[PDB]
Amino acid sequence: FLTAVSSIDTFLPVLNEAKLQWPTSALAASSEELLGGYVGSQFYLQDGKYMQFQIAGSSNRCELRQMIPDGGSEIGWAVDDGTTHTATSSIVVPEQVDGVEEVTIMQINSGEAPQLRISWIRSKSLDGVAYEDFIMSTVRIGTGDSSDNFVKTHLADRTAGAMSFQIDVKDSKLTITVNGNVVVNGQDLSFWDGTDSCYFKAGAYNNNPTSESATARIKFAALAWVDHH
């Protein structure tokens, strides 16, 4: 028997401002459905406190997508609209099974592609330094596919316990805080200026796995998104 995330109070604020995409972007459950007890192996309350996401398959996802609160439609904001857009979370990333290589756990996306992904990564060298089993940010600064179109940053090695995140966007600049420590400050987003279709996402988005059956698994102890100003 799986317990629904909405059976406790902790995640109601974000569920009231989200729809769930599972197992792909085009297949979704509404905010009302989430608040109404949506549950399954892909999305359930683990150990009485974690909103847990599970997904297998290349580029499949089980992921919340920001909505206007209280039965509203899809949100679309701009990095330069003068408001501060903030997402917060507390995440336990457990050991990922063999075949899972990268799992995107928070994003800023838009109708013109992902501005930001925060992802767990099994192994990668960044700026000449090898990192393993860690959390990375990937920020798009161009629309090409080569790595020159991104800024990639090691944020933190994966921890045994819950890890907090805060993403702040204000006046075309991005700050990321992990476990209370600033890990990116003032990253320029002015390439996305004018793109009025941005929104937060969070959950599990499985990137470039080496097995199609390997199930990514991510646990949220907290998640919220807000505007201030």
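One rule holds for the numbers: they count along the sequence shown, beginning at 1.
- With 190-198 and 42-50 compared on mean CA B-factor from the PDB entry, the stretch scoring higher is 190-198.
- Just going by the entry, 218-226 versus 1-9 on mean CA temperature factor gives the higher value to 1-9.
- Which of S123, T104, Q96, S89 has the largest Cα B-factor in the deposited entry comes down to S123.
- Comparing C-alpha B-factors across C62, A160, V184, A29 in the deposited entry, the largest value falls on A160.
- Annotation for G203: C-alpha temperature factor in the lowest third relative to the rest of the modelled chain, per the entry.
- When the CA B factors of the chain's modelled residues are split into thirds, the value for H154 lands in the middle one.
- Residue-level temperature factors show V129 in the highest third of its chain, judged at the C-alpha atom.
- When the modelled residues of the chain are ordered by their C-alpha B factor, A113 lands in the highest third.
- Per the PDB record, residue ranking by Cα B-factor puts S172 in the highest third of the chain.
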